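K.L.:
Can you keep this structure in mind? I'll have questions shortly.
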Amino acid sequence: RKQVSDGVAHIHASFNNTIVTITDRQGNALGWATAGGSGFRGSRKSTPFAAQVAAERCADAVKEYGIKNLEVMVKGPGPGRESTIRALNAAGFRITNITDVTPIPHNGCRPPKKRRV
Amino acid sequence: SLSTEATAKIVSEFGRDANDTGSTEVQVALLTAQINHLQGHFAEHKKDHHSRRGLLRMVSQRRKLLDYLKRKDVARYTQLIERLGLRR
Amino acid sequence: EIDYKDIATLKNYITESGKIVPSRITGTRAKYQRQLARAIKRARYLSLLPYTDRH
Amino acid sequence: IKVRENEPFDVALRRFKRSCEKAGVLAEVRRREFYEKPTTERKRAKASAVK
Amino acid sequence: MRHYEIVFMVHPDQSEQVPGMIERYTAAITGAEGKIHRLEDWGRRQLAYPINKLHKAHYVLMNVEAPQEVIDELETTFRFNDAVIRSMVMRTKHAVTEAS
RNA sequence: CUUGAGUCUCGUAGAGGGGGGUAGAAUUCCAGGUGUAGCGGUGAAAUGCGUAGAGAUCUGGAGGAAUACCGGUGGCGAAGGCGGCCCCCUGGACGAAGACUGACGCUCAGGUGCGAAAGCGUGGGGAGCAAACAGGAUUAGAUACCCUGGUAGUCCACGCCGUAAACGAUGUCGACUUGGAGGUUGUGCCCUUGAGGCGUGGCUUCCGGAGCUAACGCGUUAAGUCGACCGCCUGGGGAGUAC
Ligand SMILES: [Mg+2]
Ligand SMILES: [Mg+2]
Ligand SMILES: [Mg+2]
Ligand SMILES: [Mg+2]
Ligand SMILES: [Mg+2]
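Protein chains in written order, with PDB author numbering: chain AK, 12 to 128; chain AO, 2 to 89; chain AR, 19 to 73; chain AU, 3 to 53; chain AF, 1 to 100.
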């Protein structure tokens, strides 16, 4: 609808869920997808396959923008960390730059105790 | 600690003559310098305990040098205190 | 290694991420490593070197 | 960790992320801190590294 | 009287002040028995990171040997000179001169 | 008198202390753009947050706390403890060419001071984490573990509290007694033409001999062999309780 031909793809590789948001090099989101919404939930939405069906689904929503190339912004561990990228490129997307933007504080806030069993 | 200059300077006014820095009188005098000069550093900050530890070591030590001097020769002792105005 | 403005030298003692390289890997002595760390750190503060890759 | 390789050959090159940053730095911060546990549990590795 | 390796970087669109600044700083030092041992003007230079907008600064050296009093006075001015940004200053370590 | 102890000279390493600045990463919050139906969480869930537009993403702003990497079997400190960078003020330790003093030393009941965390008072601060508390869940029950929130507190100044598995569970000082491998720092010699090799002081890891030990083990940094001073123990419970 605006024709960008080349933007960027962000991937929220969270230990529980994975969402992909395609947006121009500016930041303005063009479309997004998420494993949780791509069907399976919980025990099944947190798998590597999840991000696949999600990422590919994010394209069938923004590809309508005449996108050709696109960089990748990966942040966070868990599955769909790499899976998402593959499917993305495998969709014809002319990849270019793959950079990890995972947050890593030089010793700042205090992480939560949590998990104790 | 103390400036190399202020040091040599005091080593003369109390030193048995010069080049010598072992003289009881000298040490005592030398200590009183930092002891007094530090009062300023401690008058401020205060919570600087670790540094105080060093301070006291100088006092307690000087107390011995002085006490010792008195035993080896009351003369030098009485005079020494006068120039440094010590012992209450 | 001794000076900070010598970015040309410190760059060798820094990974591609920006963080300084370990002492065991480089082999450099400990005494030297410490002196290097300080130069590198203050060098980054004068924007003569990067903190990480992003900025 | 930036990766921009000229000439399209879709090669991930995940070595960088898996060379320092990424996991290991995140999994390390996931749960609580450490406090006393690090000065030991971590130094308890040298007791192993030795032999 | 001690030594310091003062290095200050000024805003790019303030380059014309760089020279004027130097003369004043230098004069202030020598004025009170100062003793400059290195005056390098690296001029405009790309920044490792965009330290508060703009990725190009204007670095300058000093390595001047003078009493803490003046160098301290100088340190403050840097804060009251919107033109100048970052500023670092180390101690003696035996007067340095040349290279860099 | 000079070998103990100390002073001076010159060097050396250091997260030693007090004060004041300051930098980057990140979290959260506020505002706005893009964007659309989920996000978040768990073993699943649910509470919760979403169409009053979240999450994601981008931009700008506010603020508090802690300083990735370096980093270590590391270093400094009486102990407690102390990690970004810079300045100011300041303590101790070590080596060595030596110079100086001349037993000025060791220990120490009472005394004086320093004391983690939590806690207390006054006034600030408050992002993250989190006793209490409130929900959701699990369970037979679940005043818990888990999830969603969240107050004190955690941060600062000044005053108090004086405790800890305040642990090497090993008082301090000094002298002796096979060796091996390594770390850190000072210094001397060596075509140093070298990464370097050899010595030689300080501090420090692991292994181990004699010897010691009930055994485990300790083992020149002893729990071996000795001397000086101090602290403490005398069966378990009752009780570190009562008065
Ligand atoms: Mg909780
Ligand atoms: Mg407290
Ligand atoms: Mg309080
Ligand atoms: Mg020690
Ligand atoms: Mg042994």
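Idealized CB from N, CA, C, for every residue including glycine.
Determine the burial state of AF:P19: buried for a count of at least 16 other Cβ atoms within 10 Å of its Cβ, exposed for fewer.
P.N.:
exposed
K.L.:
Does AK:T58 have its Cβ less than 8 Å from a Cβ in chain AU?
P.N.:
no
K.L.:
Within 8 Å (strictly less), CB to CB, does AF:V7 reach chain AR?
P.N.:
yes
K.L.:
May I ask which residues mark the beginning and end of the alpha helix (DSSP H) holding AF:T26?
P.N.:
17-31
K.L.:
Do three or more CB pairs link the stretch 46-66 of chain AF to the stretch 50-66 of chain AR at distances below 8 Å?
P.N.:
yes
K.L.:
Residues of chain AK with CB under 7 Å from AU:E35, in chain order?
P.N.:
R121, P122
K.L.:
Between the C-alpha atoms of AK:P59 and AK:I106, what's the straight-line distance to the nearest angstrom?
P.N.:
20 Å
K.L.:
Please say whether AO:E26 and AO:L81 have beta carbons closer to each other than 8 Å?
P.N.:
yes
K.L.:
Output the residue ranges of the beta strand (DSSP E) runs that lie fully inside the stretch 48-88 of chain AF and measure 3 residues or longer, sorted by chain position.
P.N.:
56-60, 64-66, 84-88
K.L.:
Along the chain, where does the alpha helix (DSSP H) that runs through AK:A65 open and close?
P.N.:
59-73
K.L.:
For AF:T92, count neighbouring Cβ atoms within 10 angstroms of its own Cβ and tell me buried if that reaches 16, exposed if not.
P.N.:
exposed
K.L.:
In angstroms with no decimal places, state the Cα-to-Cα distance between AO:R58 and AO:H42.
P.N.:
AO:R58 and AO:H42 have their C-alpha atoms some 16 Å from each other.
K.L.:
I'd like the span of the beta strand (DSSP E) that includes AF:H3, first residue to last.
P.N.:
2-4
K.L.:
Have a look at AO:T5, AO:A19, AO:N20, AO:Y69 and flag the residue whose alpha-carbon is nearest the alpha-carbon of AO:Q35.
P.N.:
AO:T5
K.L.:
Measuring CB to CB, does AK:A65 end up less than 8 Å from AK:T113?
P.N.:
no
K.L.:
Please report how far the alpha carbon of AO:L70 lies from the alpha carbon of AO:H46, in whole angstroms.
P.N.:
34 Å
K.L.:
Just mark AF:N63 as buried or exposed, buried being the case when its beta carbon has 16 or more other beta carbons within 10 Å.
P.N.:
buried
K.L.:
If we call anything under 8 Å between Cβ atoms a contact, is AO:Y78 one with AO:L67?
P.N.:
yes
K.L.:
Take AR:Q51 and list the residues in its own chain whose beta-carbon comes closer than 8 Å to its own, dropping the five residues that flank it on each side.
P.N.:
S41, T44
K.L.:
Between AU:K24 and chain AK, is the shortest Cβ-Cβ distance under 8 Å, so that the two count as touching?
P.N.:
Any Cβ of chain AK closer than 8 Å to the Cβ of AU:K24 would place that residue at the interface, and such an atom is present.
K.L.:
Curious, which full-length alpha helix (DSSP H) runs of at least 4 residues does the stretch 32-73 of chain AR contain?
P.N.:
Entirely contained in the stretch 32-73 of chain AR, the alpha helix (DSSP H) runs reaching 4 residues are, in chain order, 41-44, 48-63.
K.L.:
Within the same chain, show all residues whose beta-carbon is closer than 7 Å to that of AK:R68, passing over the 5 residues directly before and after it, in chain order.
P.N.:
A44, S49
K.L.:
Have a look at the DSSP bridge pairing and note the partners of AK:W43.
P.N.:
Bridge partners of AK:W43 according to DSSP: AK:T32.
K.L.:
Please report the distance separating the alpha-carbon of AF:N52 from that of AO:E14.
P.N.:
59 Å
K.L.:
Pick helix, strand or coil for AK:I106, following the three-state DSSP scheme.
P.N.:
strand
K.L.:
Looking at AF:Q14: is its Cβ nearer than 8 Å to the Cβ of AF:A83?
P.N.:
yes
K.L.:
Taking CB distances under 8 Å as the criterion, tell me whether AR:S35 reaches chain AU.
P.N.:
Yes, its Cβ sits closer than 8 Å to a Cβ of chain AU.
K.L.:
Counting only the same chain and skipping the five closest in sequence on each side, list residues whose C-beta sits under 8 Å from that of AO:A19.
P.N.:
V12, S13
K.L.:
I want to know whether the stretch 17-34 of chain AF touches the stretch 73-83 of chain AF - three or more CB-CB distances under 8 Å.
P.N.:
yes
K.L.:
Out of curiosity, what's the CA-to-CA distance linking residue 74 of chain AR and AR:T70?
P.N.:
With chain AR represented from 19 up to 73, any question about residue 74 of chain AR goes unanswered, as that position is not in the structure.
K.L.:
Between AO:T8 and AF:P67, what straight-line distance do the alpha-carbon atoms span, to the nearest angstrom?
P.N.:
Near 21 Å, if we compare the C-alpha coordinates of AF:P67 and AO:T8.
K.L.:
Which residues does DSSP pair with AK:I22 in a beta bridge?
P.N.:
AK:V31, AK:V85
K.L.:
Return yes when the Cβ of AK:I109 is within less than 8 Å of the Cβ of AU:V27, no when it is not.
P.N.:
The answer is no: Cβ separation not under 8 Å.
K.L.:
Which residues bound the alpha helix (DSSP H) around AF:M9?
P.N.:
From DSSP, AF:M9 is part of no alpha helix (DSSP H) but of the beta strand (DSSP E) over 7-10.
K.L.:
Quick check on the burial criterion: 16 or more other C-beta atoms within 10 angstroms. Buried or exposed for AK:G53?
P.N.:
Flag for AK:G53 reads exposed.
K.L.:
Would you verify that the beta carbon of AK:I78 is, or is not, closer than 8 Å to some beta carbon of chain AU?
P.N.:
no
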